[PDB]
file target_30.pdb (PDB, C-alpha atoms)
MODEL        1
ATOM      1  CA  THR E  27      10.467  12.839  23.764
ATOM      2  CA  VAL E  28       7.598  15.121  22.779
ATOM      3  CA  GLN E  29       9.460  15.133  19.461
ATOM      4  CA  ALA E  30       9.536  11.330  19.309
ATOM      5  CA  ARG E  31       5.851  11.000  20.198
ATOM      6  CA  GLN E  32       4.934  13.449  17.426
ATOM      7  CA  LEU E  33       6.939  11.470  14.861
ATOM      8  CA  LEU E  34       5.279   8.230  15.965
ATOM      9  CA  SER E  35       1.858   9.895  15.720
ATOM     10  CA  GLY E  36       2.667  11.056  12.193
ATOM     11  CA  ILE E  37       3.782   7.538  11.283
ATOM     12  CA  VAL E  38       0.612   5.910  12.628
ATOM     13  CA  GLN E  39      -1.463   8.595  10.900
ATOM     14  CA  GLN E  40       0.372   7.995   7.624
ATOM     15  CA  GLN E  41      -0.243   4.255   7.916
ATOM     16  CA  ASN E  42      -3.953   5.056   8.160
ATOM     17  CA  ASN E  43      -3.528   7.250   5.075
ATOM     18  CA  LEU E  44      -1.931   4.340   3.216
ATOM     19  CA  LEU E  45      -4.491   1.778   4.417
ATOM     20  CA  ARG E  46      -7.374   3.965   3.225
ATOM     21  CA  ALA E  47      -5.661   4.480  -0.141
ATOM     22  CA  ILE E  48      -5.273   0.752  -0.809
ATOM     23  CA  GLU E  49      -8.838   0.142   0.402
ATOM     24  CA  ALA E  50      -9.978   2.655  -2.220
ATOM     25  CA  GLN E  51      -7.652   1.066  -4.787
ATOM     26  CA  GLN E  52      -9.239  -2.308  -4.041
ATOM     27  CA  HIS E  53     -12.775  -1.074  -4.707
ATOM     28  CA  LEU E  54     -11.695   0.354  -8.069
ATOM     29  CA  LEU E  55      -9.695  -2.801  -8.810
ATOM     30  CA  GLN E  56     -12.794  -4.913  -8.133
ATOM     31  CA  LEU E  57     -14.697  -2.898 -10.744
ATOM     32  CA  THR E  58     -12.047  -3.591 -13.391
ATOM     33  CA  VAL E  59     -12.166  -7.318 -12.613
ATOM     34  CA  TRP E  60     -15.940  -7.308 -13.102
ATOM     35  CA  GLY E  61     -15.722  -5.173 -16.238
ATOM     36  CA  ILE E  62     -13.260  -7.613 -17.786
ATOM     37  CA  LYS E  63     -15.406 -10.487 -16.507
ATOM     38  CA  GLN E  64     -18.334  -8.931 -18.378
ATOM     39  CA  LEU E  65     -16.370  -8.590 -21.622
ATOM     40  CA  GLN E  66     -14.880 -12.095 -21.620
ATOM     41  CA  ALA E  67     -18.320 -13.615 -21.016
ATOM     42  CA  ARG E  68     -19.388 -11.863 -24.234
ATOM     43  CA  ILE E  69     -16.582 -13.114 -26.499
TER      44      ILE E  69
ATOM     45  CA  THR X  27      10.679   0.509  27.916
ATOM     46  CA  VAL X  28       7.711  -1.731  27.134
ATOM     47  CA  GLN X  29       5.344   0.996  25.904
ATOM     48  CA  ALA X  30       7.488   2.268  23.027
ATOM     49  CA  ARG X  31       8.657  -1.256  22.172
ATOM     50  CA  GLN X  32       5.220  -2.743  21.484
ATOM     51  CA  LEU X  33       4.166   0.357  19.535
ATOM     52  CA  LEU X  34       7.252   0.141  17.313
ATOM     53  CA  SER X  35       6.540  -3.569  16.856
ATOM     54  CA  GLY X  36       2.951  -2.771  15.901
ATOM     55  CA  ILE X  37       4.125  -0.188  13.370
ATOM     56  CA  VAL X  38       6.605  -2.628  11.814
ATOM     57  CA  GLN X  39       3.872  -5.276  11.714
ATOM     58  CA  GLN X  40       1.497  -2.825  10.031
ATOM     59  CA  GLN X  41       4.141  -2.084   7.390
ATOM     60  CA  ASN X  42       4.312  -5.807   6.626
ATOM     61  CA  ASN X  43       0.505  -5.975   6.530
ATOM     62  CA  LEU X  44       0.318  -3.123   4.011
ATOM     63  CA  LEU X  45       3.154  -4.584   1.924
ATOM     64  CA  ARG X  46       1.445  -7.982   1.764
ATOM     65  CA  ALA X  47      -1.848  -6.317   0.817
ATOM     66  CA  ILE X  48      -0.137  -4.339  -1.951
ATOM     67  CA  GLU X  49       1.648  -7.449  -3.233
ATOM     68  CA  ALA X  50      -1.624  -9.397  -3.390
ATOM     69  CA  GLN X  51      -3.238  -6.459  -5.197
ATOM     70  CA  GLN X  52      -0.385  -6.447  -7.714
ATOM     71  CA  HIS X  53      -1.087 -10.096  -8.569
ATOM     72  CA  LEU X  54      -4.752  -9.299  -9.176
ATOM     73  CA  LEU X  55      -3.827  -6.169 -11.139
ATOM     74  CA  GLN X  56      -1.490  -8.140 -13.411
ATOM     75  CA  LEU X  57      -4.228 -10.723 -13.988
ATOM     76  CA  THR X  58      -6.518  -7.917 -15.164
ATOM     77  CA  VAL X  59      -3.797  -6.665 -17.520
ATOM     78  CA  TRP X  60      -3.634 -10.218 -18.891
ATOM     79  CA  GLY X  61      -7.385 -10.382 -19.478
ATOM     80  CA  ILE X  62      -7.140  -7.049 -21.297
ATOM     81  CA  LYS X  63      -4.479  -8.100 -23.794
ATOM     82  CA  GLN X  64      -6.339 -11.352 -24.495
ATOM     83  CA  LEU X  65      -9.593  -9.499 -25.198
ATOM     84  CA  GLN X  66      -7.786  -6.940 -27.370
ATOM     85  CA  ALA X  67      -6.800  -9.814 -29.687
ATOM     86  CA  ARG X  68     -10.243 -11.443 -29.951
TER      87      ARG X  68
ATOM     88  CA  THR S  27      18.525   4.382  21.589
ATOM     89  CA  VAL S  28      20.994   4.080  18.710
ATOM     90  CA  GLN S  29      19.059   0.992  17.605
ATOM     91  CA  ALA S  30      15.730   2.813  17.926
ATOM     92  CA  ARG S  31      16.960   5.730  15.810
ATOM     93  CA  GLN S  32      18.055   3.399  13.003
ATOM     94  CA  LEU S  33      14.733   1.546  13.185
ATOM     95  CA  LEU S  34      12.744   4.792  13.063
ATOM     96  CA  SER S  35      14.757   5.783   9.988
ATOM     97  CA  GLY S  36      13.925   2.466   8.333
ATOM     98  CA  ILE S  37      10.253   2.882   9.241
ATOM     99  CA  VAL S  38      10.033   6.306   7.585
ATOM    100  CA  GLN S  39      11.899   4.844   4.607
ATOM    101  CA  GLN S  40       9.427   1.948   4.438
ATOM    102  CA  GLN S  41       6.527   4.414   4.461
ATOM    103  CA  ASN S  42       8.124   6.077   1.430
ATOM    104  CA  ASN S  43       8.571   2.748  -0.381
ATOM    105  CA  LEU S  44       4.944   1.761   0.224
ATOM    106  CA  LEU S  45       3.645   5.185  -0.830
ATOM    107  CA  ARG S  46       5.598   5.053  -4.096
ATOM    108  CA  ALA S  47       4.403   1.492  -4.756
ATOM    109  CA  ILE S  48       0.763   2.524  -4.302
ATOM    110  CA  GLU S  49       1.252   5.543  -6.571
ATOM    111  CA  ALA S  50       2.761   3.399  -9.335
ATOM    112  CA  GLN S  51      -0.037   0.854  -8.928
ATOM    113  CA  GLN S  52      -2.543   3.687  -9.331
ATOM    114  CA  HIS S  53      -1.038   4.655 -12.685
ATOM    115  CA  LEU S  54      -1.204   1.033 -13.838
ATOM    116  CA  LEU S  55      -4.778   0.777 -12.554
ATOM    117  CA  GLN S  56      -5.691   3.877 -14.567
ATOM    118  CA  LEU S  57      -4.263   2.330 -17.742
ATOM    119  CA  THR S  58      -6.368  -0.802 -17.246
ATOM    120  CA  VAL S  59      -9.358   1.464 -16.603
ATOM    121  CA  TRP S  60      -9.075   3.033 -20.059
ATOM    122  CA  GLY S  61      -8.275  -0.345 -21.614
ATOM    123  CA  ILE S  62     -11.620  -1.614 -20.328
ATOM    124  CA  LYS S  63     -13.631   1.416 -21.448
ATOM    125  CA  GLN S  64     -12.171   1.068 -24.946
ATOM    126  CA  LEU S  65     -12.944  -2.658 -24.963
ATOM    127  CA  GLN S  66     -16.451  -1.866 -23.712
ATOM    128  CA  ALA S  67     -16.936   0.436 -26.702
ATOM    129  CA  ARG S  68     -15.466  -2.077 -29.153
ATOM    130  CA  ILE S  69     -17.703  -5.009 -28.156
ATOM    131  CA  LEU S  70     -20.704  -3.545 -26.273
TER     132      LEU S  70
ATOM    133  CA  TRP A 117       2.416  -0.932 -19.890
ATOM    134  CA  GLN A 118       5.565  -2.948 -19.168
ATOM    135  CA  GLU A 119       7.435  -0.031 -17.544
ATOM    136  CA  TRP A 120       4.733   0.225 -14.874
ATOM    137  CA  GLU A 121       5.166  -3.485 -14.203
ATOM    138  CA  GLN A 122       8.917  -2.817 -14.117
ATOM    139  CA  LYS A 123       8.616   0.071 -11.650
ATOM    140  CA  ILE A 124       6.223  -1.727  -9.292
ATOM    141  CA  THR A 132       8.252  -4.944  -9.028
ATOM    142  CA  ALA A 133      11.331  -2.861  -8.199
ATOM    143  CA  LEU A 134       9.499  -0.885  -5.504
ATOM    144  CA  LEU A 135       7.990  -4.028  -3.961
ATOM    145  CA  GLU A 136      11.379  -5.766  -3.911
ATOM    146  CA  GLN A 137      12.903  -2.715  -2.217
ATOM    147  CA  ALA A 138      10.028  -2.637   0.278
ATOM    148  CA  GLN A 139      10.690  -6.333   0.896
ATOM    149  CA  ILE A 140      14.381  -5.733   1.626
ATOM    150  CA  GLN A 141      13.595  -2.782   3.894
ATOM    151  CA  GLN A 142      10.932  -4.794   5.732
ATOM    152  CA  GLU A 143      13.488  -7.485   6.572
ATOM    153  CA  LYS A 144      15.932  -4.776   7.661
ATOM    154  CA  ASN A 145      13.357  -3.226   9.993
ATOM    155  CA  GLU A 146      12.263  -6.526  11.544
ATOM    156  CA  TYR A 147      15.916  -7.456  12.081
ATOM    157  CA  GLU A 148      16.587  -4.092  13.737
ATOM    158  CA  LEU A 149      13.409  -4.479  15.807
ATOM    159  CA  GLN A 150      14.587  -7.889  17.034
ATOM    160  CA  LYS A 151      17.918  -6.261  17.905
ATOM    161  CA  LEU A 152      16.251  -3.538  19.978
ATOM    162  CA  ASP A 153      14.167  -6.212  21.726
ATOM    163  CA  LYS A 154      17.036  -8.542  22.649
TER     164      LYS A 154
ATOM    165  CA  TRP N 117      -8.216 -14.900  -9.701
ATOM    166  CA  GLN N 118     -10.728 -15.657  -6.958
ATOM    167  CA  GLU N 119      -7.652 -16.546  -4.886
ATOM    168  CA  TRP N 120      -6.311 -12.993  -4.787
ATOM    169  CA  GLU N 121      -9.591 -11.186  -4.091
ATOM    170  CA  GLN N 122     -10.155 -13.416  -1.057
ATOM    171  CA  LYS N 123      -6.546 -13.047   0.105
ATOM    172  CA  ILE N 124      -6.833  -9.253  -0.165
ATOM    173  CA  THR N 132      -9.981  -9.318   1.979
ATOM    174  CA  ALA N 133      -8.161 -11.176   4.757
ATOM    175  CA  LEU N 134      -5.123  -8.902   4.421
ATOM    176  CA  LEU N 135      -7.215  -5.732   4.695
ATOM    177  CA  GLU N 136      -9.035  -7.008   7.785
ATOM    178  CA  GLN N 137      -5.723  -7.738   9.513
ATOM    179  CA  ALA N 138      -4.383  -4.287   8.605
ATOM    180  CA  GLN N 139      -7.534  -2.649   9.985
ATOM    181  CA  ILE N 140      -7.152  -4.610  13.233
ATOM    182  CA  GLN N 141      -3.482  -3.662  13.562
ATOM    183  CA  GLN N 142      -4.291  -0.021  12.802
ATOM    184  CA  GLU N 143      -6.790   0.024  15.676
ATOM    185  CA  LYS N 144      -4.214  -1.547  18.005
ATOM    186  CA  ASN N 145      -1.476   0.914  17.031
ATOM    187  CA  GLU N 146      -3.810   3.876  17.513
ATOM    188  CA  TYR N 147      -4.790   2.575  20.955
ATOM    189  CA  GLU N 148      -1.127   2.107  21.882
ATOM    190  CA  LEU N 149      -0.357   5.577  20.521
ATOM    191  CA  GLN N 150      -2.915   7.245  22.795
ATOM    192  CA  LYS N 151      -1.901   5.274  25.890
ATOM    193  CA  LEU N 152       1.684   6.437  25.334
TER     194      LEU N 152
ATOM    195  CA  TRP V 117     -14.596   5.339 -11.722
ATOM    196  CA  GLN V 118     -13.179   8.853 -12.042
ATOM    197  CA  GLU V 119     -14.251   9.781  -8.500
ATOM    198  CA  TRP V 120     -12.786   6.625  -6.997
ATOM    199  CA  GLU V 121      -9.624   7.849  -8.701
ATOM    200  CA  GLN V 122     -10.402  11.238  -7.133
ATOM    201  CA  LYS V 123     -10.758   9.577  -3.720
ATOM    202  CA  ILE V 124      -7.511   7.639  -4.209
ATOM    203  CA  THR V 132      -5.400  10.566  -5.406
ATOM    204  CA  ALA V 133      -6.641  12.755  -2.546
ATOM    205  CA  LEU V 134      -5.556  10.081  -0.063
ATOM    206  CA  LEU V 135      -2.131   9.938  -1.717
ATOM    207  CA  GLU V 136      -1.824  13.737  -1.647
ATOM    208  CA  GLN V 137      -2.211  13.739   2.133
ATOM    209  CA  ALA V 138       0.171  10.788   2.465
ATOM    210  CA  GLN V 139       2.760  12.813   0.541
ATOM    211  CA  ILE V 140       2.324  15.784   2.895
ATOM    212  CA  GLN V 141       2.654  13.483   5.909
ATOM    213  CA  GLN V 142       5.775  11.849   4.434
ATOM    214  CA  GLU V 143       7.579  15.188   4.127
ATOM    215  CA  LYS V 144       6.558  15.989   7.710
ATOM    216  CA  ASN V 145       7.731  12.665   9.131
ATOM    217  CA  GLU V 146      11.072  13.021   7.350
ATOM    218  CA  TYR V 147      11.531  16.477   8.892
ATOM    219  CA  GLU V 148      10.649  15.329  12.411
ATOM    220  CA  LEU V 149      13.028  12.378  12.047
ATOM    221  CA  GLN V 150      15.948  14.641  11.121
ATOM    222  CA  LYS V 151      15.148  16.806  14.155
ATOM    223  CA  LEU V 152      15.415  13.782  16.471
TER     224      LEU V 152
ENDMDL
END
call {"tool": "encode", "arguments": {"input": "target_30.pdb", "output": "structure tokens"}}
result
Amino acid sequence: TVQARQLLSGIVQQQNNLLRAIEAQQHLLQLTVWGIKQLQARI
Amino acid sequence: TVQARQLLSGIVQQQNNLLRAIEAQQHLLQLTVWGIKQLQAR
Amino acid sequence: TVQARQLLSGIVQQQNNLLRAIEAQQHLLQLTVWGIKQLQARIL
Amino acid sequence: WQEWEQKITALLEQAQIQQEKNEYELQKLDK
Amino acid sequence: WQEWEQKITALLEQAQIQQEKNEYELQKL
Amino acid sequence: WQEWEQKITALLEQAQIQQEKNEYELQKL
């Protein structure tokens, strides 16, 4: 199952890819919340 | 077959964790879209 | 073994569903990004 | 835009179905 | 609004913990 | 802003490469 252990390693690695992507998405999303928060405080 | 079993369980759990995170982000994202369209009118 | 192969296939499928959901969310996030910058110009 | 809302809700629903499928198949491999 | 930002924070911490566990289990295997 | 989008895209690029890989290795099993 060298084949199976490589697939599992690629899955775990891809889940780290996805986790880092949504962590980065969250930091950008937080900026847009604050930006809107800034605008609505003005109106 | 305990080794592979708990790893597969951990992977399935991590897929639920990422799905729940993405669903919670979608709620926040939609709320930002709402704030946009309200500001665009005022 | 037959169960594990079907599960592994569903896991790889799930990875594809999550990836596509994040990609779509990124396009939406980019639209809101420009919506803010335009609002920032219009009122700031 | 709406379409992006439309696409994301569909993908999340499909991820939700597949997640249940995988947990059910995981329980089956366990028991 | 505040609800979702705080929920996301908890959800990301749990995913980081599970990622560490899976990577430990991967290497042991 | 643009470079957090640059960070995000780059992470999705590599996830796309890894997805194609994982699908190949699965078929080989």
call {"tool": "residues_around", "arguments": {"input": "target_30.pdb", "residues": "segment 34-40 of chain S", "least_positions_apart": "2", "cutoff": "10 Å", "atoms": "all atoms listed in the file", "output": "PyMOL selection string"}}
result
(chain E and resi 30+33-34+36-37+40) or (chain X and resi 34+37-38+41-42+45) or (chain S and resi 29-32+42-46) or (chain A and resi 137-142+144-146+148-149) or (chain V and resi 142-143+145-146+149-150+152)
call {"tool": "atom_distance", "arguments": {"input": "target_30.pdb", "atom1": "atom CA of residue 51 of chain E", "atom2": "atom CA of residue 123 of chain V"}}
result
9.1 Å
call {"tool": "closest_residue", "arguments": {"input": "target_30.pdb", "among": "S:33, S:28, S:55, S:47", "to": "chain E", "atoms": "all atoms listed in the file"}}
result
S:55
call {"tool": "residues_around", "arguments": {"input": "target_30.pdb", "residues": "segment 52-54 of chain S", "least_positions_apart": "6", "cutoff": "9 Å", "atoms": "only C-alpha atoms", "output": "PyMOL selection string"}}
result
(chain E and resi 51) or (chain X and resi 55+59) or (chain A and resi 117+120-121) or (chain V and resi 121+124+132)
call {"tool": "atom_distance", "arguments": {"input": "target_30.pdb", "atom1": "atom CA of residue 57 of chain S", "atom2": "atom CA of residue 140 of chain V"}}
result
25.5 Å
call {"tool": "residues_near_point", "arguments": {"input": "target_30.pdb", "point": "(-9.7, 3.1, 1.5)", "cutoff": "12 Å", "atoms": "only C-alpha atoms", "output": "PDB file with C-alpha atoms, keeping the file's coordinate frame"}}
result
ATOM      1  CA  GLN E  41      -0.243   4.255   7.916  1.00  0.00           C
ATOM      2  CA  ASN E  42      -3.953   5.056   8.160  1.00  0.00           C
ATOM      3  CA  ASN E  43      -3.528   7.250   5.075  1.00  0.00           C
ATOM      4  CA  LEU E  44      -1.931   4.340   3.216  1.00  0.00           C
ATOM      5  CA  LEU E  45      -4.491   1.778   4.417  1.00  0.00           C
ATOM      6  CA  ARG E  46      -7.374   3.965   3.225  1.00  0.00           C
ATOM      7  CA  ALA E  47      -5.661   4.480  -0.141  1.00  0.00           C
ATOM      8  CA  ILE E  48      -5.273   0.752  -0.809  1.00  0.00           C
ATOM      9  CA  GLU E  49      -8.838   0.142   0.402  1.00  0.00           C
ATOM     10  CA  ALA E  50      -9.978   2.655  -2.220  1.00  0.00           C
ATOM     11  CA  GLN E  51      -7.652   1.066  -4.787  1.00  0.00           C
ATOM     12  CA  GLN E  52      -9.239  -2.308  -4.041  1.00  0.00           C
ATOM     13  CA  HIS E  53     -12.775  -1.074  -4.707  1.00  0.00           C
ATOM     14  CA  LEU E  54     -11.695   0.354  -8.069  1.00  0.00           C
ATOM     15  CA  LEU E  55      -9.695  -2.801  -8.810  1.00  0.00           C
TER      16      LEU E  55
ATOM     17  CA  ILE S  48       0.763   2.524  -4.302  1.00  0.00           C
TER      18      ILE S  48
ATOM     19  CA  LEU N 135      -7.215  -5.732   4.695  1.00  0.00           C
ATOM     20  CA  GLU N 136      -9.035  -7.008   7.785  1.00  0.00           C
ATOM     21  CA  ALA N 138      -4.383  -4.287   8.605  1.00  0.00           C
ATOM     22  CA  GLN N 139      -7.534  -2.649   9.985  1.00  0.00           C
TER      23      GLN N 139
ATOM     24  CA  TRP V 120     -12.786   6.625  -6.997  1.00  0.00           C
ATOM     25  CA  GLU V 121      -9.624   7.849  -8.701  1.00  0.00           C
ATOM     26  CA  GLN V 122     -10.402  11.238  -7.133  1.00  0.00           C
ATOM     27  CA  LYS V 123     -10.758   9.577  -3.720  1.00  0.00           C
ATOM     28  CA  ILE V 124      -7.511   7.639  -4.209  1.00  0.00           C
ATOM     29  CA  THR V 132      -5.400  10.566  -5.406  1.00  0.00           C
ATOM     30  CA  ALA V 133      -6.641  12.755  -2.546  1.00  0.00           C
ATOM     31  CA  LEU V 134      -5.556  10.081  -0.063  1.00  0.00           C
ATOM     32  CA  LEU V 135      -2.131   9.938  -1.717  1.00  0.00           C
TER      33      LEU V 135
END
